[PDB]
Amino acid sequence: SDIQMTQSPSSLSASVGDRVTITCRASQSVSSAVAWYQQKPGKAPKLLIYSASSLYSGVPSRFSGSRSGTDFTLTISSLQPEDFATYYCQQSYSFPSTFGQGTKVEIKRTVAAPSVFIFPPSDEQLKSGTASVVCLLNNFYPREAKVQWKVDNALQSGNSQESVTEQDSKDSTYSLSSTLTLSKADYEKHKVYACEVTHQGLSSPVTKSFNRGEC
Amino acid sequence: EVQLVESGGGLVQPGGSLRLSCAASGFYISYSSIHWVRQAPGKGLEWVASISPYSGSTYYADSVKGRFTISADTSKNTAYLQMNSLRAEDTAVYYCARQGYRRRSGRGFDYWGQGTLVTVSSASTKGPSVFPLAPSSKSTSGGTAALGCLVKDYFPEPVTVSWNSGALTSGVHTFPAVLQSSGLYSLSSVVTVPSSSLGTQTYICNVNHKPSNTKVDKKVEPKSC
RNA sequence: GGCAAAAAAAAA
RNA sequence: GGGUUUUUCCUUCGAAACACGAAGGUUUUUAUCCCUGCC
């Protein structure tokens, strides 16, 4: 008889000033012993709603819960940038306690073009023989943006790793790092290393690069 | 004023044992229920155990008893979690949480520590080699330009990096480490600054990897004019 | 009408 | 039906999910207890 909490939806995205609603269904009766938590990336959850509908002291008025039998919602009346988070519902009606599987709320904002940078490999890293060309897209939106590498204009494949920050607490933008892992042998082999990106803040792809040793 | 502090996690080998501690300050653990709630990398939260006051009665999740055991030493206002028979599925951030006062918050968890990461792996710890990535000046870069430190080949997580020892925090972006095909982690942390002020100031990053026990600070400069 | 007695154990 | 004597159950409270404690609640199982004398 382990109660299961079924949270709806997994991910959603609304603009600022939007009204957004999260739902959880208890597999069986959990009375009203349900809490809601906000968890921002990297730090610990924070209690928003306890006892299914009561607002924990300090939380803004815009977060609210309520219950229809086994159907529990958390509505946030006017989405705000600070509210980008992952939200978890919890039943504490019986042991063991169970969390929902979570809802990752992002934020919709105006298209922001990435500011693109290229950094050559510094050679404490070619002091020990391999190469770290890296690309940077600073503060842009939306997330979905593709970045292509070339090396004397040669399309690259299977030697790229990308990592993108979480969405910002205050302006909602992203940023992304694409890094190409290749030899020292392949780094004096060719001369220039191009990074280009096709994101919809770009008329058509902006490109940045460098020579080897021309600074 | 209330505060909980987890410690004692880290890297352990499969089958190994670990004791987590939870140091409470600003309130007495005897008068509340204390819970351990765990979170895997990128997954959701999983309740693990808790002990209740006066009784001292304990309760466990099915994925963890026979193996985990929760206790509290009230004279050190500290709650522990003894972990034997550890397995890869036990790799997670472990939180210790206080259940709030009934009248004030029902059964909700009103205070959480910041979690201690437990890494169950057969792998051995390696510290990173931090490489700077240098700004682009033309002769000065008219407005703002970017620079950052590459942190490569380390295990396990985490590292922490700080520019001018915490002095510089605006425009920082420490990217989530990604795992190379090598089985080591590597991340980048970048900050943006006015090029106007590029040559008059020095840009330092304090990477730190307590698993390795490596503390390195490398400092960034342009190249030659 | 008015006093007095009496008497073991389970469950929601 | 009305009771006695025992348990449970439920609700509010005690820093309080169980355990312990305080104050409460209106129900019904017993061929497994009593419903008898006196002006």
Side-chain angles (χ1 to χ4, degrees), chain A residues 9-18 20 38-43 76 79-87 102-119 133-149 160-180 195-208, chain B residues 41-43 133 135-136 143-151 157-161 163 168-179 185-193 205:
Chain A
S10 60
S11 156
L12 74 92
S13 294
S15 318
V16 304
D18 258 14
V20 48
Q38 172 178 55
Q39 187 190 35
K40 297 229 226 301
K43 190 61 174 95
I76 316 161
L79 203 38
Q80 278 229 261
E82 39 207 291
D83 296 320
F84 152 83
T86 300
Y87 298 88
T103 283
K104 195 200 232 186
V105 176
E106 331 181 316
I107 300 267
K108 281 173 138 99
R109 59 149 285 145
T110 82
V111 170
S115 78
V116 194
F117 304 79
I118 194 156
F119 294 75
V133 51
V134 59
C135 214
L136 197 182
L137 290 65
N138 199 188
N139 295 344
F140 67 96
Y141 181 94
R143 182 205 288 94
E144 305 82 41
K146 312 316 129 204
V147 154
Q148 191 53 28
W149 278 117
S160 82
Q161 280 176 133
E162 312 81 351
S163 147
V164 48
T165 89
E166 298 269 27
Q167 188 171 236
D168 190 80
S169 148
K170 307 159 238 76
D171 49 10
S172 323
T173 47
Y174 298 92
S175 314
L176 183 156
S177 318
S178 194
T179 310
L180 163 71
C195 180
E196 82 164 63
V197 48
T198 186
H199 176 258
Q200 280 47 48
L202 291 323
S203 38
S204 63
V206 165
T207 305
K208 314 282 321 294
Chain B
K43 325 267 224 311
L133 301 173
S136 86
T144 40
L147 57 88
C149 300
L150 187 71
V151 177
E157 281 262 89
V159 305
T160 71
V161 317
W163 290 72
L168 171 80
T169 74
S170 46
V172 60
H173 285 304
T174 308
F175 290 78
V178 58
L179 189 56
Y185 287 100
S186 93
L187 50 80
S188 325
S189 98
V190 177
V191 66
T192 197
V193 277
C205 64

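Residue numbers begin at 1 in each chain, while the letters A, B, ... track the order of the sequences.
By the 4.5 Å heavy-atom criterion applied to side chains, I118(A) and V134(A) are not counted as neighbours. Under the 4.5 Å side-chain criterion, counting only non-hydrogen atoms from C-beta, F140(A) is in contact with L176(A). Here the side chains of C135(A) and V116(A) are in contact, with some heavy-atom distance below 4.5 Å. You'll find the side chain of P142(A) reaches within 4.5 Å of the side chain of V111(A), heavy atoms only. Looking at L133(B) and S188(B), their side chains never come closer than 4.5 Å, going by heavy atoms from C-beta outward.
Residues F119(A) and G148(B) share a closest heavy-atom pair of CE2-N, 4.3 Å. For the residue pair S189(B) and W163(B), the shortest heavy atom distance occurs at OG-NE1, 2.9 Å. Of all the heavy atoms in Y141(A) and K108(A), the pair that sits closest is OH-CA, 3.3 Å. Of all heavy-atom pairs between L147(B) and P135(B), the closest is CB-CD, 3.7 Å.
Here the straight-line distance linking atom OG1 of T173(A) with atom CG of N139(A) works out to 4.0 Å at 0.5 Å rounding.
Scored by the side chain to side chain contact (heavy atoms under 4.5 Å, CB included) test, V20(A) finds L12(A), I76(A), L79(A) as partners (sequence neighbours excluded). Considering only residues two or more places apart in sequence or on other chains, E106(A) meets the salt bridge (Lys or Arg N to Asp or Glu O under 4.0 Å) condition with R143(A). With sequence neighbours left out, the side chain to side chain contact (heavy atoms under 4.5 Å, CB included) criterion links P41(A) to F84(A), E166(A). In this structure, the side-chain hydrogen bond (donor to acceptor under 3.5 Å, both in side chains) partners of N138(A), at least two apart in sequence or on a different chain, are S175(A). For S160(A), the side-chain hydrogen bond (donor to acceptor under 3.5 Å, both in side chains) partners two or more places apart in sequence, or in a different chain, are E162(A). Listed by chain and number, the residues in a side-chain hydrogen bond (donor to acceptor under 3.5 Å, both in side chains) with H199(A) amount to none (sequence neighbours excluded). With sequence neighbours left out, the salt bridge (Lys or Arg N to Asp or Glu O under 4.0 Å) criterion links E157(B) to no other residue. Scored by the side chain to side chain contact (heavy atoms under 4.5 Å, CB included) test, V178(B) finds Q161(A) as partners (sequence neighbours excluded). Under the rule for a side chain to side chain contact (heavy atoms under 4.5 Å, CB included), the partners of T144(B) that lie at least two apart in sequence or sit in another chain are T192(B), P194(B). The side-chain hydrogen bond (donor to acceptor under 3.5 Å, both in side chains) test applied to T103(A) returns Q7(A), not counting sequence neighbours. Listed by chain and number, the residues in a salt bridge (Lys or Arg N to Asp or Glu O under 4.0 Å) with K170(A) are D168(A) (sequence neighbours excluded).
Side-chain polar atoms of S178(A) and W149(A) form a donor-acceptor pair below 3.5 angstrom.
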